[PDB]
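Chemist: Would you mind keeping the following structure in view while I ask a few things?
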Amino acid sequence: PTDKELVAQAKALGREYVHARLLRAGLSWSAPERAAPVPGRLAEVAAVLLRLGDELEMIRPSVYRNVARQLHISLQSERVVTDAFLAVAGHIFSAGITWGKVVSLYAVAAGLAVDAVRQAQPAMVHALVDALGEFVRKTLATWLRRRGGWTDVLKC
């Protein structure tokens, strides 16, 4: 147990995130249509990240849809996008996870995924989500395990 909370949660968050900005930006996308039961905590955190990211991205985001190029992530491949994303993540998180870093992080991930999807390469969606979760249950595992849950991020 425990680890499942971070993985399941982290995944749900990212998933809905990318899909949100993806379905909002354009394109069809019917989604995996895999509904499921969810408490108020999860929905709370997810929403917070959505409104937060969306809002900022609506005002004037630094690089919520281009940063990838700044590092030539190359969405063409999967190992390059995963390794690169995992690196920048664990790197910026290694100096302190915190809640802020998370918000900005997820936001960026969604941007790259969306772009790829529109550029005929939705693979980034599953790739990013995978790296994110694993990175959250491997590097952030202890962090989220010590905090008890993401509910704390709601206090802000």
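Here chain A follows Swiss-Prot, giving residues 22-177 in order.
We read in the header that solution NMR was used to get this structure.
Placement of Cβ uses the backbone N, Cα and C atoms for every residue, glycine included.
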Chemist: Among 70-78, 88-96, 169-177, indicate the range for which Swiss-Prot gives the feature region 'Nuclear export signal'.
Modeler: 70-78
Chemist: Which of these recorded sites has the least crowded Cβ, counting other Cβ atoms within 10 Å: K25, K159?
Modeler: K25
Chemist: Would you mind sorting out which of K25, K32, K176 (the recorded sites) have a C-alpha within 10 A of the one on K159 (ubiquitin cross-link)?
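Modeler: So far as Cα distances go, none of the recorded sites lies within 10 Å of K159 (ubiquitin cross-link).
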Chemist: By a simple count of other Cβ atoms within 10 Å, which of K32, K176, the recorded sites in the record, is least packed?
Modeler: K176
Chemist: Using the alpha carbons only, what distance in Å do you get between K32 (ubiquitin cross-link) and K25 (ubiquitin cross-link) once rounded?
Modeler: 10
